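In what follows, a single structure is set out as structure tokens and then discussed.
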Amino acid sequence: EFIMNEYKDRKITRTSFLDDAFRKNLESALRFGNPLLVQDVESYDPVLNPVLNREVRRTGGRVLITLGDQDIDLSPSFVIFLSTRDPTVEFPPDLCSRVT
Amino acid sequence: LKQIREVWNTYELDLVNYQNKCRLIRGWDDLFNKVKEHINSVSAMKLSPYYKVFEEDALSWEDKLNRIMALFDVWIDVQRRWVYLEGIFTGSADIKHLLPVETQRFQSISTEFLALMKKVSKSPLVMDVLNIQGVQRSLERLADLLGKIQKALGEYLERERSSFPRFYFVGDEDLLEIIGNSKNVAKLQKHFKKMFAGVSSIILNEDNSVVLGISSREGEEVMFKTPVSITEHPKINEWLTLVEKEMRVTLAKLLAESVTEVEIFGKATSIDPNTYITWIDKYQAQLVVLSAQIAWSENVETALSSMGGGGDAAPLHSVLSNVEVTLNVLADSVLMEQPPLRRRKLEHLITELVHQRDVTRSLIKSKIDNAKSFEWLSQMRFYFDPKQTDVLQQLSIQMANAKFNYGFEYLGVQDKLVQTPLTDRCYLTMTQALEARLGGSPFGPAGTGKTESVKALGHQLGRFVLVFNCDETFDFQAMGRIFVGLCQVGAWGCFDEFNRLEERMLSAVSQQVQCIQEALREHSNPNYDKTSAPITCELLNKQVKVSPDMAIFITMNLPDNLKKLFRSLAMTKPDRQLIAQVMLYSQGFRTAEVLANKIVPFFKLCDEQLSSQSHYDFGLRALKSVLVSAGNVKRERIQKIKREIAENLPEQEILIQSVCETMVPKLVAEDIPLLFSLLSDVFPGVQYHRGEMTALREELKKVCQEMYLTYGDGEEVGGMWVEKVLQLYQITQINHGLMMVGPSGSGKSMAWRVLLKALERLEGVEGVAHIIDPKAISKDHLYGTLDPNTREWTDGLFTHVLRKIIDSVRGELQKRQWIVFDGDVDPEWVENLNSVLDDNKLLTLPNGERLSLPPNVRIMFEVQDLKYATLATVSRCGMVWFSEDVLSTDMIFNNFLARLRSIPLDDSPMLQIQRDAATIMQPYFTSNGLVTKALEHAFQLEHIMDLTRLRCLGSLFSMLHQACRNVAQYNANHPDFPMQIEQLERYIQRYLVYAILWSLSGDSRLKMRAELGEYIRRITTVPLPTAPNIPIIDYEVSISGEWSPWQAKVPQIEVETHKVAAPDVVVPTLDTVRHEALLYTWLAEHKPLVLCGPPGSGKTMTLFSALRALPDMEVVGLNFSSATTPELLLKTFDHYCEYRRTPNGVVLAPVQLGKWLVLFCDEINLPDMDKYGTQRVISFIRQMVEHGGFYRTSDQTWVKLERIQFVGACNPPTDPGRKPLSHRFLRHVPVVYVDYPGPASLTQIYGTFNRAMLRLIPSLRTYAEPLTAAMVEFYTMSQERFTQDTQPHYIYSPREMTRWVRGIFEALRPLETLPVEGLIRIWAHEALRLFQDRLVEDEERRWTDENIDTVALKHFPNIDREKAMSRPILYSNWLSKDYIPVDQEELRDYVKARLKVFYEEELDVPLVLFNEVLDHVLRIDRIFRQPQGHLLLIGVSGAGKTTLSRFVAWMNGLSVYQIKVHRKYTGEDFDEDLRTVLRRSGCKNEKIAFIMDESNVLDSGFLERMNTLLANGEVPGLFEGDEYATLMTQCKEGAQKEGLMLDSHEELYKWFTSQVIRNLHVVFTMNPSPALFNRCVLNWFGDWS
Amino acid sequence: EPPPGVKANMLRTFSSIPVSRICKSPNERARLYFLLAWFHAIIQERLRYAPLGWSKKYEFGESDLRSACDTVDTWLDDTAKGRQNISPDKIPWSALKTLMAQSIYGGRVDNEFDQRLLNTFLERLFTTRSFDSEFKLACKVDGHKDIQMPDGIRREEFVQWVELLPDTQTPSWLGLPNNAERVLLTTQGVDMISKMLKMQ
Ligand SMILES: Nc1ncnc2c1ncn2[C@@H]1O[C@H](COP(=O)(O)OP(=O)(O)OP(=O)(O)O)[C@@H](O)[C@H]1O
Ligand SMILES: Nc1ncnc2c1ncn2[C@@H]1O[C@H](COP(=O)(O)OP(=O)(O)OP(=O)(O)O)[C@@H](O)[C@H]1O
Ligand SMILES: Nc1ncnc2c1ncn2[C@@H]1O[C@H](COP(=O)(O)OP(=O)(O)O)[C@@H](O)[C@H]1O
Ligand SMILES: Nc1ncnc2c1ncn2[C@@H]1O[C@H](COP(=O)(O)OP(=O)(O)O)[C@@H](O)[C@H]1O
């Protein structure tokens, strides 16, 4: 709720990895350039690794990110927040290294 | 949008034919999933800001897509509704009278729907029908009308069900068939079983217009007093109600007449048995027991009323004496032969008279005179008053203070329970609960008599009792309507075990039961005792009226919802002694009390002294079955003694004979002496004698003689097996559905085959069996399928066999049919066979057609351990246990020798040579001196797999057969001077020893082979090999008959320089040639085998080159992944084999005539076991190997394999993902432990390669031997230490030496004039990059460096004092044109500059070049230079593995390709990506770097795909049909662009594989499978220092 | 928690049953209800001493008491159709004993020995000798003392007798030995040690 109230002016959208529309929500948030809060990070979705790795290609004035096949313009100020609700979990080193 | 627009111009509706000769749509998956994918794609592309390519086309295409979605979403529902309602309105008759308004409405709707279907048929294009105006509106209107008419049908069906309340017990389709098939009353006759209590059929007139009466399953028949005629009552509900009323009335009148008639018998004494028997026959068993109960209750009541004043001449003693004389008459009557129905009535009368006797004798003789005393009031009392006009009020049953009536519902004849004190208190408690309007909830251990006691109480009161079994038999969709029926008919409900239901089902059913119980108890309100408005509860959103007769019973083993509404009784310990005493007394047994007192503790001991197996059942049901069998045996002996009263037969002998005849077959070998010791304890000095069955034994002996098997009688060889066959015969006689269970390696199949032959020869009835493997075939294909749209029935395999047997074509009853189920039993498929195994003998297909198997058919199962079988399936059928001790070893030897002496190997000279060989080897097999001792020694040794006697012996037998074939060939080559007898003896003895060596403990390490050889040396007198310092396993038996070493037959080969370490080049060596000869030995006998060994030990190449070595073998390489299913083998047959029906049966043979197909199975143990511990593909291959064929699913026909044979290879079962193979399959396939090649073998096979590559430069040709010695010794040293225990990736195999040789050859390939120090330095560099970078500790690395220097010094001392050239030992190709060694500094500067430009042009985060990064870059560059260089980057995440890999790939120009992975990433997507990279690597010449992360591996199947792609170089199971044709075209084009002539697919595919070998490097980045550890160069990319 | 004690249980049971149901019919029905309440209290506070007592912790609860009261009502109404003071001998003692031993309270019992104990209670209490003024509900209570039987014709006398029960409820009230409290206290102390131990 702190994150929601802090980023309400930027219209932060609340979602989770369990949601089936997570990829569509990710694409929409990344296209418009607004913050995303993804809870339930227990079942981390490997499609988000290019976002976490910040693999960005400044090519031809088209900043783009490799999400699957269709690469989408990486709008500035796209902050994604990952969150969970339990305190006992052993995150894989792939995810642990890419986040604070 | 290009791919999206082009694919929508080619879709077809995929029309199919319907049973009404109409058109339907198939392929909803292809027509919805791809549409949703296109919707997602267009939404994503219009979402992404890169939409300045197409703007209006996307929106137009999206609205089209939504149009397709809406149209087909409505269309599928409309089609389903129309097909269902068309079936309902056409198959069912009398619909014209059954609501014709809906008939006409459906006619109009079907007319419109068929017009639309014609419109679609004329235009089968998807967008053509969309463009037709009015399609969507008409389709939606059709959907609405179909919904309305389906609602009307449901409401009519509910109205009809409410009209006759017993219709609530049957489903919707059954009720539809009942109300439709009014003319065909025979269709209702099968549904009469569910609706009513005991009646199974109603008796009609000759013209089927008047219901004369009813009947039952057993044969009991009741004539209606006033028959009802369907003529003036045409409606089904009306005349069924009349039948129910007339049935009540008829039972009432017949009971009144029976009571009046039994007053005559009960007046005093001196009852005449003839008139008593006539009375028993006249009236039904229900009414007979009712009459006895009423007479006894009234007589005792009058006796007590007379006794009320005091000791008034004791008429109660007269009542007891009358009961005694009646019971004596009954006991005399059961001894004489009676009809089965009269027998059942007589046993019911005996048990009830015993209860009546005991009551008065014990509880009432203790000075009770008052008729109102509780000691008399506690007993269940019957008061009959025929004066009352109402049928349901005449008889009243009163227990304690409760006053029930008798629902006059016909129960047929149901087995009664003896009124034990536990049963008496059960009756008391349940009646007290029912009087207080509370359901009864008995609890206790299962099998104690709760459900049976509740059902017996319900039948005593005449109520119809429903029993709902708990395990997998609940249909919650029907539970509500069943409750409504119970409420509206006044029936009973008894849940078999309420706590077995899971939480949701238990909660829902408990809520329904709570509502029912509150409704029921509202009938007894203190202020609302008089019910004006009938009590209605809420079920199915309607107010269902509650009848006071209704009751609900549950049995625990209790929910909080029902604690306050249900009374509980504990029935933990039933009275087995009294039950046995009464049943034995009712069976005519004298002194039955002693027999019960002995038998009950005996069954208690058997649950305690004996072992614990699932198939054992010593409960009360088994005891009762033993008792009835003992009664049958006693009557049979009485009849036999008569034909040559007689109350002198020993009863204990009969009892133990019944016990043994029933229970011995189920016993294991260890339990038989325990059972007989227990019998000697409980039944001392009493003997059990087996049935002689001499008539069957002679035929058994003849069949065994003609089948080469061993027959015995009792104690000699074969006695246990023939006894098991006789037990199988007795179980076949007693019941149907029996299963044969025992460890694999017993004579199960031989037993039933021999018994079938004996039955055919003795009885003259022809017996043909139908062996079905149910695990290999799909269950949906085993029983059948209904297509969702057409709903057409395609029968399954078992269903087709049963229908062929039932249909009147051939041998319906003149032939005995045995459906043998070979394999493993589990709930999945035995769910359907449960209805066939029980007394129902019915198979209910989901089409609705019921199939009842004829009496001749027996449903046989042969399994191995019976551990995934439901208790329901085991209890429903008898069984015999085939212990492993049954099939003795000497009888297997006798069978082998007889078969060898009789059957020609080349189906007279062969017969003579075989007979001579058998005469020679007789003193070894049959005598327990050599082969038995060696067998037990091999069993007490350890092998790579579990040792099964039959496998270890079958390999031996096949090897001896090959020895005979070798002698025959020796005779063929030399016509003059053939094999003499002395040479024959010597050769056969030595080859027998050699075959024991290779079969026994032939799948173990060299040490255990040496131990077996030493043991044989101790226990034989045959001439052993001369040298005592060389193991016997190395020697070979030459055709001359003398031990010749295998090394002398090892040749020398000179492989060409450009073929060094090639994909498929095998250089002969000791192990290679020895395994090749053994492999040929098992190849000749068409015997499948599996080569098992550590990874990269030379299993695939040895077998694979051996398979092309023979000229008549055509090899097929199949890879068994975890997801491997039998459809893989079906596809292989479909592509490489053809089906022909010209022989007596269908035969499967390869297309290439005169060629023996071999299907090599890579990783045969890899396929995963299902959740019941069986591998589908392994069971399928076992079916093919053993029975020589399988069943086609298309037409359910057995097809025999011709010129088809299987061979496999696998890692040991201890490795990850290696499930052990089944013993049944294992006994068919011998296995060879392909261990790592020895120092000498490696030395030879790699000195060959050293000489081959060093021939390129003549100056270095002298250096091959020291180079090979150095490589081999350093590899051995690096193998002894750094084992798998320290680090899981410290695996050493001879594939690393292959990489060593290939890397050195690649380095020397463009180079010339290399001095000796150059060879040593490149050798040391490859040693570092193959044996040191894999290490984890600096101490290990320095040890590797020191020993590399040590071995380089030792094997050649003429090298300069420089170690290799300097300390770093660096190599680079950028600084020069060739792979010239480089120094540190300028290499570092070049790498710094190129990394700087790398991250200024491609990356955005600067990189530093520290020493570790430079070394790892050099390693990855060396790997990319080498074709099929695959790297294993092991290290912490985020340490630069991927970044360095991409950096060096850009530096070398390799295109980088990696998998864009997501959560829903699937197998076919990964296979498509593999296809893409393989196309870009083989075709369209392009070096590709395949960077795959550990997280990129989501399924083990991806890992198996990588394993088959890395070592082999291609994926055989990757290219199917259209894609195969496209890549063949592309390879042809690319080859002609490279100017190469391939033409043949075989050769063009070979070129593609070579190009992929050259143009594909896979880099695997892993954070800290042994198979994956090999075939990749390991690089310990440690954490930053 | 329900307050431990025979007096508290008997007071609760007496308050639960309406006075109209206990005071109608022959005037003995009050004493029959008192005997039923005492039996229920004895068998329900013996349940606390699970090892020494009801070998298994049974579930004798309010439903069993309601069923037993209904049984008493039905059988006393059937035996005494009128409203006169029925004779002590004419009480259906055997009917009540059997229905309470086999049904109602005996439905929960599993083994033969707690069934035997229930039978012992039922024959010791539900009998015609309970009518005599010098009837001992429990003998050797603390050795010298013996719990007597209140002579009452209506609910009020029995309720007052319950309220004058002594505070000291030694385990000999239930027939158990006086040192059964020592075993229970030892078990509770061990339980407290275990509970403290698990809080680490
Ligand atoms: N007298 C004999 N009776 C039965 N089998 C014999 C006899 N002598 C030798 N044998 C051999 O013993 C084996 C018996 O196994 P059988 O084929 O009957 O079993 P299965 O049901 O096919 O399989 P498994 O028992 O492994 O589950 C066969 O190889 C058979 O040739
Ligand atoms: N006798 C031999 N002649 C030639 N090469 C051999 C020999 N024995 C082993 N090799 C080498 O060892 C490796 C074994 O190859 P292959 O992949 O076929 O082994 P495998 O034991 O079947 O492997 P896996 O368990 O992975 O299926 C190859 O590099 C091969 O060149
Ligand atoms: N008192 C009894 N008299 C005769 N047979 C009994 C008696 N009690 C149980 N049985 C037998 O025990 C068998 C199994 O009883 P079942 O109803 O399965 O008990 P449960 O309710 O524990 O499942 C039945 O075949 C039944 O005939
Ligand atoms: N030697 C290095 N010097 C500086 N940065 C590095 C180095 N190695 C890796 N990185 C940084 O690590 C990031 C990504 O690491 P990555 O290659 O994904 O590691 P891994 O392959 O172990 O997951 C890159 O942004 C890169 O800047």
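Ordered as shown in the structure tokens, chains take letters A, B, and onward, while each chain numbers its residues from 1 and ligands are numbered from 1 in the order shown.
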Strand (DSSP E) residues, from DSSP on the backbone, in region 963-1177 of chain B, as a PyMOL selection string: chain B and resi 1035-1037+1043-1045+1089-1092+1113-1119+1137-1140+1146-1150+1156-1162
With only C-alpha atoms as the counted atoms, please give the residues lying no more than 9 Å from residue 967 (chain B), apart from itself and same-chain residues fewer than 4 positions off, as a tab-separated table (two decimals) with N, CA, C and O atoms, in the first residue's frame.
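Result saved to around_18.tsv:
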```
chain	number	residue	atom	x	y	z
B	913	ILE	N	23.52	-83.19	-34.23
B	913	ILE	CA	24.57	-82.43	-33.55
B	913	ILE	C	24.04	-81.84	-32.24
B	913	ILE	O	24.75	-81.81	-31.23
B	962	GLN	N	23.88	-70.86	-30.00
B	962	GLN	CA	24.87	-70.32	-30.94
B	962	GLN	C	26.09	-71.23	-31.03
B	962	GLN	O	26.71	-71.33	-32.10
B	963	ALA	N	26.47	-71.89	-29.93
B	963	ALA	CA	27.56	-72.86	-30.00
B	963	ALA	C	27.21	-74.02	-30.93
B	963	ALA	O	28.05	-74.46	-31.74
B	971	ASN	N	31.00	-77.90	-39.57
B	971	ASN	CA	30.73	-79.06	-40.41
B	971	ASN	C	30.46	-78.65	-41.85
B	971	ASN	O	30.89	-79.33	-42.79
B	972	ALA	N	29.74	-77.54	-42.04
B	972	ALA	CA	29.41	-77.09	-43.39
B	972	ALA	C	30.66	-76.72	-44.18
B	972	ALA	O	30.77	-77.03	-45.37
B	979	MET	N	33.02	-82.60	-37.48
B	979	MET	CA	33.25	-82.51	-36.05
B	979	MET	C	33.25	-83.90	-35.41
B	979	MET	O	32.21	-84.57	-35.38
B	984	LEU	N	34.05	-82.46	-30.26
B	984	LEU	CA	32.75	-81.95	-29.85
B	984	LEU	C	32.66	-81.83	-28.33
B	984	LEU	O	32.20	-80.81	-27.81
B	987	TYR	N	34.97	-78.91	-27.12
B	987	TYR	CA	34.42	-77.61	-27.49
B	987	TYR	C	33.19	-77.28	-26.66
B	987	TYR	O	33.04	-76.15	-26.19
B	1039	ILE	N	36.98	-72.81	-32.33
B	1039	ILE	CA	36.25	-73.91	-32.95
B	1039	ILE	C	37.03	-75.22	-32.88
B	1039	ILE	O	36.43	-76.30	-32.97
```
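Selection of all polymer residues within 6 Å of ligand 3 on the basis of only C-alpha atoms and all ligand atoms gives residues 417, 418, 419, 420, 423, 445, 446, 447, 448, 449, 450, 451, 452, 579, 620 and 621 of chain B.
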Output for the residues just chosen: N, CA, C and O atoms as a PDB file, in the first residue's frame:
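File written: selection.pdb
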```pdb
ATOM      1  N   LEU B 417     -28.813 -62.382   8.536  1.00  0.00           N
ATOM      2  CA  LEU B 417     -27.725 -62.356   9.501  1.00  0.00           C
ATOM      3  C   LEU B 417     -28.204 -62.998  10.793  1.00  0.00           C
ATOM      4  O   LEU B 417     -29.315 -62.715  11.253  1.00  0.00           O
ATOM      5  N   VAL B 418     -27.375 -63.868  11.369  1.00  0.00           N
ATOM      6  CA  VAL B 418     -27.718 -64.447  12.659  1.00  0.00           C
ATOM      7  C   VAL B 418     -27.738 -63.351  13.715  1.00  0.00           C
ATOM      8  O   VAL B 418     -26.856 -62.485  13.766  1.00  0.00           O
ATOM      9  N   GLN B 419     -28.771 -63.373  14.555  1.00  0.00           N
ATOM     10  CA  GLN B 419     -28.983 -62.323  15.549  1.00  0.00           C
ATOM     11  C   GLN B 419     -27.990 -62.521  16.690  1.00  0.00           C
ATOM     12  O   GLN B 419     -28.303 -63.062  17.753  1.00  0.00           O
ATOM     13  N   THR B 420     -26.764 -62.074  16.451  1.00  0.00           N
ATOM     14  CA  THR B 420     -25.763 -62.061  17.501  1.00  0.00           C
ATOM     15  C   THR B 420     -26.110 -60.986  18.528  1.00  0.00           C
ATOM     16  O   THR B 420     -26.870 -60.059  18.232  1.00  0.00           O
ATOM     17  N   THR B 423     -25.530 -57.794  17.080  1.00  0.00           N
ATOM     18  CA  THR B 423     -26.604 -57.459  16.151  1.00  0.00           C
ATOM     19  C   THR B 423     -27.895 -57.133  16.888  1.00  0.00           C
ATOM     20  O   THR B 423     -28.660 -56.270  16.444  1.00  0.00           O
ATOM     21  N   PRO B 445     -14.262 -50.860  13.011  1.00  0.00           N
ATOM     22  CA  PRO B 445     -13.368 -51.292  11.933  1.00  0.00           C
ATOM     23  C   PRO B 445     -14.156 -51.836  10.751  1.00  0.00           C
ATOM     24  O   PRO B 445     -15.218 -52.435  10.914  1.00  0.00           O
ATOM     25  N   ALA B 446     -13.630 -51.608   9.551  1.00  0.00           N
ATOM     26  CA  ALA B 446     -14.312 -52.056   8.345  1.00  0.00           C
ATOM     27  C   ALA B 446     -14.424 -53.576   8.326  1.00  0.00           C
ATOM     28  O   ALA B 446     -13.540 -54.295   8.800  1.00  0.00           O
ATOM     29  N   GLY B 447     -15.533 -54.062   7.774  1.00  0.00           N
ATOM     30  CA  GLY B 447     -15.778 -55.489   7.724  1.00  0.00           C
ATOM     31  C   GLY B 447     -16.282 -56.097   9.010  1.00  0.00           C
ATOM     32  O   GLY B 447     -16.084 -57.295   9.234  1.00  0.00           O
ATOM     33  N   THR B 448     -16.928 -55.311   9.870  1.00  0.00           N
ATOM     34  CA  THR B 448     -17.437 -55.810  11.139  1.00  0.00           C
ATOM     35  C   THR B 448     -18.942 -56.036  11.134  1.00  0.00           C
ATOM     36  O   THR B 448     -19.463 -56.642  12.074  1.00  0.00           O
ATOM     37  N   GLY B 449     -19.651 -55.558  10.116  1.00  0.00           N
ATOM     38  CA  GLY B 449     -21.071 -55.820  10.019  1.00  0.00           C
ATOM     39  C   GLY B 449     -21.952 -54.634  10.343  1.00  0.00           C
ATOM     40  O   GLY B 449     -23.008 -54.799  10.953  1.00  0.00           O
ATOM     41  N   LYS B 450     -21.532 -53.429   9.954  1.00  0.00           N
ATOM     42  CA  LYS B 450     -22.364 -52.253  10.177  1.00  0.00           C
ATOM     43  C   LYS B 450     -23.372 -52.082   9.049  1.00  0.00           C
ATOM     44  O   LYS B 450     -24.586 -52.022   9.280  1.00  0.00           O
ATOM     45  N   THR B 451     -22.878 -51.995   7.811  1.00  0.00           N
ATOM     46  CA  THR B 451     -23.764 -51.830   6.665  1.00  0.00           C
ATOM     47  C   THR B 451     -24.705 -53.016   6.523  1.00  0.00           C
ATOM     48  O   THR B 451     -25.897 -52.842   6.245  1.00  0.00           O
ATOM     49  N   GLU B 452     -24.189 -54.231   6.712  1.00  0.00           N
ATOM     50  CA  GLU B 452     -25.042 -55.410   6.613  1.00  0.00           C
ATOM     51  C   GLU B 452     -26.097 -55.426   7.708  1.00  0.00           C
ATOM     52  O   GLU B 452     -27.240 -55.815   7.459  1.00  0.00           O
ATOM     53  N   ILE B 579     -21.762 -66.720  14.894  1.00  0.00           N
ATOM     54  CA  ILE B 579     -22.074 -66.716  13.466  1.00  0.00           C
ATOM     55  C   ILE B 579     -21.649 -68.033  12.834  1.00  0.00           C
ATOM     56  O   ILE B 579     -22.409 -68.658  12.085  1.00  0.00           O
ATOM     57  N   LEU B 620     -14.679 -61.778   8.046  1.00  0.00           N
ATOM     58  CA  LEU B 620     -15.900 -62.547   8.258  1.00  0.00           C
ATOM     59  C   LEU B 620     -16.486 -63.056   6.946  1.00  0.00           C
ATOM     60  O   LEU B 620     -17.055 -64.154   6.913  1.00  0.00           O
ATOM     61  N   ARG B 621     -16.362 -62.284   5.864  1.00  0.00           N
ATOM     62  CA  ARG B 621     -16.849 -62.740   4.564  1.00  0.00           C
ATOM     63  C   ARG B 621     -16.146 -64.020   4.136  1.00  0.00           C
ATOM     64  O   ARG B 621     -16.784 -64.966   3.654  1.00  0.00           O
TER      65      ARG B 621
END
```
Atom pair CA of residue 1210 (chain B) / CA of residue 1248 (chain B): separation (Å): 27.3 Å
Contact residues around residue 56 (chain C) with only C-alpha atoms at 9 Å, ignoring same-chain residues under 2 positions, as number ranges by chain: C: 47, 50-51, 53-54, 58, 109-110, 114
I'd like the contact shell of residue 235 (chain B) - 10 Å cut-off, only C-alpha atoms, skipping same-chain residues fewer than 4 positions apart - returned as a CSV table (one decimal) with N, CA, C and O atoms, in the first residue's frame.
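For reference, selection07.csv as written:
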```csv
chain,number,residue,atom,x,y,z
B,179,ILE,N,-39.4,-44.0,-20.5
B,179,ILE,CA,-40.7,-43.3,-21.0
B,179,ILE,C,-40.8,-43.4,-22.5
B,179,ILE,O,-42.0,-43.2,-23.0
B,182,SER,N,-42.1,-47.6,-24.4
B,182,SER,CA,-43.2,-48.2,-23.7
B,182,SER,C,-43.7,-49.5,-24.4
B,182,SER,O,-44.1,-50.4,-23.8
B,230,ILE,N,-51.9,-53.0,-19.1
B,230,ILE,CA,-51.4,-51.7,-19.7
B,230,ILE,C,-52.4,-51.1,-20.7
B,230,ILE,O,-52.2,-50.0,-21.0
B,231,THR,N,-53.4,-51.9,-21.1
B,231,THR,CA,-54.3,-51.4,-22.2
B,231,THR,C,-55.0,-50.1,-21.7
B,231,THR,O,-54.9,-49.1,-22.3
B,239,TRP,N,-49.4,-47.4,-14.7
B,239,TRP,CA,-49.4,-48.8,-14.5
B,239,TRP,C,-48.2,-49.3,-13.7
B,239,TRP,O,-48.3,-50.3,-13.0
B,240,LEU,N,-47.1,-48.5,-13.6
B,240,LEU,CA,-46.1,-48.9,-12.6
B,240,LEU,C,-46.5,-48.6,-11.2
B,240,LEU,O,-46.2,-49.4,-10.3
```
